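**Student:** Pasting my_file_35.cif below, which is mmCIF, N, CA and C atoms and all ligand atoms.
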data_work
loop_
_atom_site.label_atom_id
_atom_site.label_comp_id
_atom_site.auth_asym_id
_atom_site.auth_seq_id
_atom_site.Cartn_x
_atom_site.Cartn_y
_atom_site.Cartn_z
N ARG S 1 0.83 -1.21 0.00
CA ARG S 1 0.00 0.00 0.00
C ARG S 1 0.87 1.27 0.00
N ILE S 2 2.00 1.32 0.73
CA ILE S 2 2.75 2.57 0.89
C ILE S 2 3.18 3.14 -0.45
N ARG S 3 3.88 2.33 -1.25
CA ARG S 3 4.27 2.73 -2.63
C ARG S 3 3.02 3.12 -3.48
N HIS S 4 2.03 2.24 -3.48
CA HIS S 4 0.75 2.50 -4.06
C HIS S 4 0.29 3.90 -3.65
N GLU S 5 0.34 4.24 -2.37
CA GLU S 5 -0.20 5.53 -1.96
C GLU S 5 0.68 6.69 -2.37
N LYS S 6 1.98 6.44 -2.50
CA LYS S 6 2.89 7.45 -3.10
C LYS S 6 2.59 7.75 -4.62
N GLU S 7 2.36 6.70 -5.39
CA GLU S 7 1.99 6.80 -6.81
C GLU S 7 0.65 7.54 -6.96
N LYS S 8 -0.28 7.30 -6.06
CA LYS S 8 -1.59 7.94 -6.05
C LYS S 8 -1.40 9.40 -5.68
N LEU S 9 -0.46 9.72 -4.77
CA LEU S 9 -0.20 11.10 -4.45
C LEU S 9 0.35 11.83 -5.61
N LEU S 10 1.33 11.26 -6.27
CA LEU S 10 1.88 11.85 -7.48
C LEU S 10 0.76 12.14 -8.52
N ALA S 11 -0.18 11.21 -8.73
CA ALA S 11 -1.35 11.51 -9.57
C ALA S 11 -2.26 12.65 -9.07
N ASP S 12 -2.47 12.70 -7.74
CA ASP S 12 -3.35 13.65 -7.10
C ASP S 12 -2.70 14.99 -7.18
N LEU S 13 -1.37 15.01 -7.33
CA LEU S 13 -0.65 16.28 -7.50
C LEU S 13 -0.41 16.64 -8.97
N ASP S 14 -1.06 15.92 -9.88
CA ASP S 14 -1.13 16.27 -11.31
C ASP S 14 0.04 15.83 -12.14
N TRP S 15 0.86 14.94 -11.62
CA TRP S 15 1.85 14.30 -12.45
C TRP S 15 1.10 13.42 -13.43
N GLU S 16 1.59 13.25 -14.64
CA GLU S 16 0.76 12.50 -15.59
C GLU S 16 0.96 11.05 -15.21
N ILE S 17 -0.09 10.25 -15.35
CA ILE S 17 -0.09 8.82 -15.06
C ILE S 17 0.91 8.15 -15.94
N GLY S 18 0.99 8.59 -17.19
CA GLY S 18 1.98 8.06 -18.11
C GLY S 18 3.43 8.11 -17.62
N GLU S 19 3.84 9.24 -17.05
CA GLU S 19 5.17 9.36 -16.49
C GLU S 19 5.39 8.71 -15.13
N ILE S 20 4.39 8.76 -14.24
CA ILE S 20 4.45 7.97 -13.00
C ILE S 20 4.69 6.46 -13.29
N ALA S 21 4.05 5.94 -14.34
CA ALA S 21 4.13 4.53 -14.61
C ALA S 21 5.54 4.13 -15.03
N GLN S 22 6.37 5.11 -15.39
CA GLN S 22 7.72 4.78 -15.79
C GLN S 22 8.75 4.99 -14.67
N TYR S 23 8.36 5.61 -13.54
CA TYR S 23 9.22 5.62 -12.32
C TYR S 23 9.49 4.23 -11.83
N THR S 24 10.72 3.97 -11.36
CA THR S 24 10.99 2.67 -10.76
C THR S 24 10.54 2.80 -9.30
N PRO S 25 10.30 1.69 -8.57
CA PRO S 25 9.98 1.83 -7.13
C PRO S 25 10.98 2.68 -6.31
N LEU S 26 12.26 2.54 -6.58
CA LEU S 26 13.32 3.30 -5.91
C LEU S 26 13.24 4.78 -6.25
N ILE S 27 12.88 5.11 -7.49
CA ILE S 27 12.65 6.51 -7.85
C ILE S 27 11.41 7.05 -7.18
N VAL S 28 10.30 6.33 -7.19
CA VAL S 28 9.13 6.77 -6.39
C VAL S 28 9.52 7.11 -4.91
N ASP S 29 10.22 6.18 -4.27
CA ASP S 29 10.70 6.36 -2.91
C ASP S 29 11.57 7.57 -2.76
N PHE S 30 12.37 7.88 -3.75
CA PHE S 30 13.23 9.06 -3.70
C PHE S 30 12.44 10.39 -3.92
N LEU S 31 11.49 10.36 -4.83
CA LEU S 31 10.74 11.54 -5.10
C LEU S 31 9.75 11.88 -3.99
N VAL S 32 9.15 10.86 -3.42
CA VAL S 32 8.12 10.97 -2.36
C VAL S 32 8.61 10.19 -1.14
N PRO S 33 9.54 10.78 -0.40
CA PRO S 33 9.93 10.17 0.84
C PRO S 33 8.70 10.06 1.78
N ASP S 34 8.74 9.26 2.86
CA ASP S 34 7.58 9.04 3.73
C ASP S 34 7.07 10.33 4.44
N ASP S 35 7.96 11.27 4.70
CA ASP S 35 7.62 12.56 5.31
C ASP S 35 6.75 13.37 4.36
N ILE S 36 6.97 13.20 3.06
CA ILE S 36 6.17 13.93 2.05
C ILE S 36 4.78 13.33 1.86
N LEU S 37 4.73 12.00 1.82
CA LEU S 37 3.48 11.31 1.80
C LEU S 37 2.63 11.73 2.99
N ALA S 38 3.26 11.83 4.17
CA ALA S 38 2.59 12.06 5.44
C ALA S 38 1.92 13.42 5.43
N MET S 39 2.49 14.32 4.64
CA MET S 39 1.95 15.69 4.48
C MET S 39 0.52 15.66 3.96
N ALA S 40 0.23 14.64 3.15
CA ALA S 40 -1.04 14.52 2.45
C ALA S 40 -2.05 13.71 3.26
N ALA S 41 -1.62 13.23 4.43
CA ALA S 41 -2.35 12.24 5.21
C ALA S 41 -3.80 12.66 5.51
N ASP S 42 -3.97 13.77 6.23
CA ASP S 42 -5.33 14.27 6.57
C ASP S 42 -5.95 15.01 5.39
N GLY S 43 -5.33 14.70 4.21
CA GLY S 43 -5.97 15.09 2.95
C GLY S 43 -5.31 16.32 2.34
N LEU S 44 -5.65 16.52 1.07
CA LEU S 44 -5.20 17.69 0.38
C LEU S 44 -6.31 18.65 0.60
N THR S 45 -6.23 19.82 -0.01
CA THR S 45 -5.18 20.15 -0.99
C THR S 45 -4.89 21.60 -0.77
N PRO S 46 -5.74 22.27 0.07
CA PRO S 46 -5.55 23.67 0.27
C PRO S 46 -4.74 24.23 -0.90
N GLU S 47 -3.54 24.68 -0.55
CA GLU S 47 -2.41 24.71 -1.44
C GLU S 47 -1.29 24.06 -0.69
N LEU S 48 -1.71 23.02 0.05
CA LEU S 48 -0.89 21.97 0.54
C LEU S 48 -0.36 21.35 -0.73
N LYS S 49 -1.25 21.31 -1.73
CA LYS S 49 -0.94 20.81 -3.04
C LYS S 49 0.31 21.51 -3.59
N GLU S 50 0.31 22.82 -3.63
CA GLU S 50 1.46 23.49 -4.19
C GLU S 50 2.68 23.25 -3.34
N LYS S 51 2.52 23.20 -2.02
CA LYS S 51 3.62 22.94 -1.06
C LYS S 51 4.35 21.62 -1.36
N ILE S 52 3.58 20.55 -1.40
CA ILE S 52 4.07 19.23 -1.66
C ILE S 52 4.66 19.08 -3.04
N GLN S 53 3.99 19.62 -4.06
CA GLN S 53 4.50 19.62 -5.43
C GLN S 53 5.89 20.25 -5.44
N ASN S 54 6.05 21.39 -4.76
CA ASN S 54 7.34 22.03 -4.63
C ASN S 54 8.40 21.08 -4.01
N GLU S 55 8.02 20.37 -2.97
CA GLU S 55 8.95 19.45 -2.31
C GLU S 55 9.39 18.34 -3.27
N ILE S 56 8.45 17.79 -4.02
CA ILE S 56 8.71 16.67 -4.92
C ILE S 56 9.60 17.12 -6.11
N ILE S 57 9.29 18.27 -6.66
CA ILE S 57 10.12 18.95 -7.71
C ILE S 57 11.55 19.18 -7.24
N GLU S 58 11.71 19.57 -5.98
CA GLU S 58 13.05 19.67 -5.43
C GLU S 58 13.81 18.34 -5.47
N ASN S 59 13.12 17.24 -5.21
CA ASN S 59 13.71 15.95 -5.14
C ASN S 59 13.95 15.52 -6.53
N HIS S 60 13.08 15.86 -7.44
CA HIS S 60 13.30 15.45 -8.82
C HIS S 60 14.47 16.19 -9.40
N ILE S 61 14.68 17.43 -8.97
CA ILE S 61 15.79 18.30 -9.39
C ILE S 61 17.09 17.64 -8.94
N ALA S 62 17.14 17.25 -7.67
CA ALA S 62 18.25 16.49 -7.11
C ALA S 62 18.61 15.29 -7.98
N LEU S 63 17.60 14.52 -8.39
CA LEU S 63 17.79 13.27 -9.10
C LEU S 63 18.35 13.56 -10.44
N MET S 64 17.74 14.51 -11.13
CA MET S 64 18.20 14.93 -12.45
C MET S 64 19.64 15.39 -12.41
N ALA S 65 20.00 16.21 -11.43
CA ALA S 65 21.32 16.77 -11.37
C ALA S 65 22.37 15.65 -11.31
N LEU S 66 22.05 14.63 -10.52
CA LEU S 66 22.87 13.48 -10.27
C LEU S 66 23.03 12.65 -11.54
N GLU S 67 21.96 12.51 -12.31
CA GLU S 67 22.08 11.87 -13.63
C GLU S 67 23.06 12.64 -14.52
N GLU S 68 22.93 13.97 -14.55
CA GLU S 68 23.80 14.88 -15.34
C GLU S 68 25.30 14.97 -14.96
N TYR S 69 25.65 15.10 -13.68
CA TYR S 69 27.06 14.95 -13.26
C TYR S 69 27.74 13.60 -13.60
N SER S 70 27.07 12.49 -13.30
CA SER S 70 27.56 11.14 -13.63
C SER S 70 28.11 10.96 -15.06
N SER S 71 27.35 11.53 -16.01
CA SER S 71 27.66 11.43 -17.43
C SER S 71 28.81 12.35 -17.84
N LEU S 72 28.72 13.61 -17.44
CA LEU S 72 29.62 14.68 -17.87
C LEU S 72 30.71 14.75 -16.69
MG MG S 101 9.74 3.62 3.88
#
Could you show the structure in this file as structure tokens?
Ligand SMILES: [Mg+2]

**Tutor:**
Amino acid sequence: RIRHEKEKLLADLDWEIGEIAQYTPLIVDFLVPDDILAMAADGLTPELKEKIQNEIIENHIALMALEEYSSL
């Protein structure tokens, strides 16, 4: 359920289902650590939505950067 609920959060935050489906479980875990999932616990979305989206984008930025240094 935990991973499942992370993937559902990513959808609820407007990530396209098409791109979520291509995340590996380890990437899901990296993008949506348990502290971020927990943010959504008593529900969205106020602009809790924008808050969490910002947190996940930060993590995705981290991931991307790491892909880019490795190569170059
Ligand atoms: Mg965990």

**Student:** Identify, with DSSP run on backbone atoms, the residues in chain S assigned to helix (DSSP H, G or I), and express the list as number ranges by chain.

**Tutor:** S: 2-12, 17-20, 25-31, 34-39, 48-71

**Student:** Grab the residues selected above and save them as a compact mmCIF listing (two decimals), in the frame of the given file with N, CA and C atoms.

**Tutor:**
# COMPACT_ATOMS: atom_id res chain seq x y z
N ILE S 2 2.00 1.32 0.73
CA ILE S 2 2.75 2.57 0.89
C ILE S 2 3.18 3.14 -0.45
N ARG S 3 3.88 2.33 -1.25
CA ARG S 3 4.27 2.73 -2.63
C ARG S 3 3.02 3.12 -3.48
N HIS S 4 2.03 2.24 -3.48
CA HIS S 4 0.75 2.50 -4.06
C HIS S 4 0.29 3.90 -3.65
N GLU S 5 0.34 4.24 -2.37
CA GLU S 5 -0.20 5.53 -1.96
C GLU S 5 0.68 6.69 -2.37
N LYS S 6 1.98 6.44 -2.50
CA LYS S 6 2.89 7.45 -3.10
C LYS S 6 2.59 7.75 -4.62
N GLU S 7 2.36 6.70 -5.39
CA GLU S 7 1.99 6.80 -6.81
C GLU S 7 0.65 7.54 -6.96
N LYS S 8 -0.28 7.30 -6.06
CA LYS S 8 -1.59 7.94 -6.05
C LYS S 8 -1.40 9.40 -5.68
N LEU S 9 -0.46 9.72 -4.77
CA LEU S 9 -0.20 11.10 -4.45
C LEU S 9 0.35 11.83 -5.61
N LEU S 10 1.33 11.26 -6.27
CA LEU S 10 1.88 11.85 -7.48
C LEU S 10 0.76 12.14 -8.52
N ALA S 11 -0.18 11.21 -8.73
CA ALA S 11 -1.35 11.51 -9.57
C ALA S 11 -2.26 12.65 -9.07
N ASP S 12 -2.47 12.70 -7.74
CA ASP S 12 -3.35 13.65 -7.10
C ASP S 12 -2.70 14.99 -7.18
N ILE S 17 -0.09 10.25 -15.35
CA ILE S 17 -0.09 8.82 -15.06
C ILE S 17 0.91 8.15 -15.94
N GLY S 18 0.99 8.59 -17.19
CA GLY S 18 1.98 8.06 -18.11
C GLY S 18 3.43 8.11 -17.62
N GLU S 19 3.84 9.24 -17.05
CA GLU S 19 5.17 9.36 -16.49
C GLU S 19 5.39 8.71 -15.13
N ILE S 20 4.39 8.76 -14.24
CA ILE S 20 4.45 7.97 -13.00
C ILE S 20 4.69 6.46 -13.29
N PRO S 25 10.30 1.69 -8.57
CA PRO S 25 9.98 1.83 -7.13
C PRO S 25 10.98 2.68 -6.31
N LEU S 26 12.26 2.54 -6.58
CA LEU S 26 13.32 3.30 -5.91
C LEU S 26 13.24 4.78 -6.25
N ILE S 27 12.88 5.11 -7.49
CA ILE S 27 12.65 6.51 -7.85
C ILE S 27 11.41 7.05 -7.18
N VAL S 28 10.30 6.33 -7.19
CA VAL S 28 9.13 6.77 -6.39
C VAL S 28 9.52 7.11 -4.91
N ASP S 29 10.22 6.18 -4.27
CA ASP S 29 10.70 6.36 -2.91
C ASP S 29 11.57 7.57 -2.76
N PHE S 30 12.37 7.88 -3.75
CA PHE S 30 13.23 9.06 -3.70
C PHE S 30 12.44 10.39 -3.92
N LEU S 31 11.49 10.36 -4.83
CA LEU S 31 10.74 11.54 -5.10
C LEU S 31 9.75 11.88 -3.99
N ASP S 34 8.74 9.26 2.86
CA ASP S 34 7.58 9.04 3.73
C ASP S 34 7.07 10.33 4.44
N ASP S 35 7.96 11.27 4.70
CA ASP S 35 7.62 12.56 5.31
C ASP S 35 6.75 13.37 4.36
N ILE S 36 6.97 13.20 3.06
CA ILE S 36 6.17 13.93 2.05
C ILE S 36 4.78 13.33 1.86
N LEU S 37 4.73 12.00 1.82
CA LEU S 37 3.48 11.31 1.80
C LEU S 37 2.63 11.73 2.99
N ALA S 38 3.26 11.83 4.17
CA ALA S 38 2.59 12.06 5.44
C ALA S 38 1.92 13.42 5.43
N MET S 39 2.49 14.32 4.64
CA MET S 39 1.95 15.69 4.48
C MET S 39 0.52 15.66 3.96
N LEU S 48 -1.71 23.02 0.05
CA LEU S 48 -0.89 21.97 0.54
C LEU S 48 -0.36 21.35 -0.73
N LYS S 49 -1.25 21.31 -1.73
CA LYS S 49 -0.94 20.81 -3.04
C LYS S 49 0.31 21.51 -3.59
N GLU S 50 0.31 22.82 -3.63
CA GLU S 50 1.46 23.49 -4.19
C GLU S 50 2.68 23.25 -3.34
N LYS S 51 2.52 23.20 -2.02
CA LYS S 51 3.62 22.94 -1.06
C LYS S 51 4.35 21.62 -1.36
N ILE S 52 3.58 20.55 -1.40
CA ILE S 52 4.07 19.23 -1.66
C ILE S 52 4.66 19.08 -3.04
N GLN S 53 3.99 19.62 -4.06
CA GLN S 53 4.50 19.62 -5.43
C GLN S 53 5.89 20.25 -5.44
N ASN S 54 6.05 21.39 -4.76
CA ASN S 54 7.34 22.03 -4.63
C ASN S 54 8.40 21.08 -4.01
N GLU S 55 8.02 20.37 -2.97
CA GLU S 55 8.95 19.45 -2.31
C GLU S 55 9.39 18.34 -3.27
N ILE S 56 8.45 17.79 -4.02
CA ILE S 56 8.71 16.67 -4.92
C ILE S 56 9.60 17.12 -6.11
N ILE S 57 9.29 18.27 -6.66
CA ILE S 57 10.12 18.95 -7.71
C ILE S 57 11.55 19.18 -7.24
N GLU S 58 11.71 19.57 -5.98
CA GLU S 58 13.05 19.67 -5.43
C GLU S 58 13.81 18.34 -5.47
N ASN S 59 13.12 17.24 -5.21
CA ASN S 59 13.71 15.95 -5.14
C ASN S 59 13.95 15.52 -6.53
N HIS S 60 13.08 15.86 -7.44
CA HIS S 60 13.30 15.45 -8.82
C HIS S 60 14.47 16.19 -9.40
N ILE S 61 14.68 17.43 -8.97
CA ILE S 61 15.79 18.30 -9.39
C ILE S 61 17.09 17.64 -8.94
N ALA S 62 17.14 17.25 -7.67
CA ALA S 62 18.25 16.49 -7.11
C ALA S 62 18.61 15.29 -7.98
N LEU S 63 17.60 14.52 -8.39
CA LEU S 63 17.79 13.27 -9.10
C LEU S 63 18.35 13.56 -10.44
N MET S 64 17.74 14.51 -11.13
CA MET S 64 18.20 14.93 -12.45
C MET S 64 19.64 15.39 -12.41
N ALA S 65 20.00 16.21 -11.43
CA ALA S 65 21.32 16.77 -11.37
C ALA S 65 22.37 15.65 -11.31
N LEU S 66 22.05 14.63 -10.52
CA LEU S 66 22.87 13.48 -10.27
C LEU S 66 23.03 12.65 -11.54
N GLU S 67 21.96 12.51 -12.31
CA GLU S 67 22.08 11.87 -13.63
C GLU S 67 23.06 12.64 -14.52
N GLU S 68 22.93 13.97 -14.55
CA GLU S 68 23.80 14.88 -15.34
C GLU S 68 25.30 14.97 -14.96
N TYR S 69 25.65 15.10 -13.68
CA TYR S 69 27.06 14.95 -13.26
C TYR S 69 27.74 13.60 -13.60
N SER S 70 27.07 12.49 -13.30
CA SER S 70 27.56 11.14 -13.63
C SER S 70 28.11 10.96 -15.06
N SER S 71 27.35 11.53 -16.01
CA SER S 71 27.66 11.43 -17.43
C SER S 71 28.81 12.35 -17.84

**Student:** Show me, as a PDB file with N, CA and C atoms, in the coordinates of the input, the residues that have an atom within 7 Å of range 34-40 of chain S when counting only N, CA and C atoms, minus same-chain residues fewer than 2 positions from it.

**Tutor:**
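Here's the written file out38.pdb:
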ATOM      1  N   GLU S   5       0.340   4.240  -2.370  1.00  0.00           N
ATOM      2  CA  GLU S   5      -0.200   5.530  -1.960  1.00  0.00           C
ATOM      3  C   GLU S   5       0.680   6.690  -2.370  1.00  0.00           C
ATOM      4  N   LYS S   6       1.980   6.440  -2.500  1.00  0.00           N
ATOM      5  CA  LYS S   6       2.890   7.450  -3.100  1.00  0.00           C
ATOM      6  C   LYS S   6       2.590   7.750  -4.620  1.00  0.00           C
ATOM      7  N   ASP S  29      10.220   6.180  -4.270  1.00  0.00           N
ATOM      8  CA  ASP S  29      10.700   6.360  -2.910  1.00  0.00           C
ATOM      9  C   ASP S  29      11.570   7.570  -2.760  1.00  0.00           C
ATOM     10  N   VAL S  32       9.150  10.860  -3.420  1.00  0.00           N
ATOM     11  CA  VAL S  32       8.120  10.970  -2.360  1.00  0.00           C
ATOM     12  C   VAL S  32       8.610  10.190  -1.140  1.00  0.00           C
ATOM     13  N   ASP S  42      -3.970  13.770   6.230  1.00  0.00           N
ATOM     14  CA  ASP S  42      -5.330  14.270   6.570  1.00  0.00           C
ATOM     15  C   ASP S  42      -5.950  15.010   5.390  1.00  0.00           C
ATOM     16  N   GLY S  43      -5.330  14.700   4.210  1.00  0.00           N
ATOM     17  CA  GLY S  43      -5.970  15.090   2.950  1.00  0.00           C
ATOM     18  C   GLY S  43      -5.310  16.320   2.340  1.00  0.00           C
ATOM     19  N   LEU S  44      -5.650  16.520   1.070  1.00  0.00           N
ATOM     20  CA  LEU S  44      -5.200  17.690   0.380  1.00  0.00           C
ATOM     21  C   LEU S  44      -6.310  18.650   0.600  1.00  0.00           C
ATOM     22  N   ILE S  52       3.580  20.550  -1.400  1.00  0.00           N
ATOM     23  CA  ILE S  52       4.070  19.230  -1.660  1.00  0.00           C
ATOM     24  C   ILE S  52       4.660  19.080  -3.040  1.00  0.00           C
TER      25      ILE S  52
END

**Student:** Measure the distance from atom N of residue 72 in chain S to atom N of residue 25 in chain S in Å and round it to one decimal.

**Tutor:**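 So the answer is 23.7 Å.
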
**Student:** If we count only C-alpha atoms, what is near residue 54 in chain S at a cut-off of 12 Å, once residues fewer than 4 positions away on the same chain are taken out, given as a VMD selection string?

**Tutor:** chain S and resid 10 13 31 to 32 36 47 to 50 58 to 61

**Student:** Please report the interatomic distance between atom N of residue 30 in chain S and CA of residue 46 in chain S in Å with one decimal.

**Tutor:**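 Separating atom N of residue 30 in chain S from CA of residue 46 in chain S is a distance of 24.2 Å.
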
**Student:** How many Å separate CA of residue 2 in chain S from atom C of residue 23 in chain S?

**Tutor:**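 The value is 14.5 Å.
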
**Student:** What box, with edges along x, y and z, holds each listed atom of range 35-44 of chain S when 5 Å is added on every side, and can you state its centre and edge lengths in Å to one decimal, as lines of an AutoDock Vina configuration file?

**Tutor:**
center_x = 0.8
center_y = 15.0
center_z = 3.5
size_x = 24.3
size_y = 17.4
size_z = 16.2

**Student:** Have a look at S:33, S:15, S:7, S:1 and name the one nearest to ligand MG 101 (chain S); count only N, CA and C atoms and all ligand atoms.

**Tutor:**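 Under the stated criterion, the closest residue is S:33.
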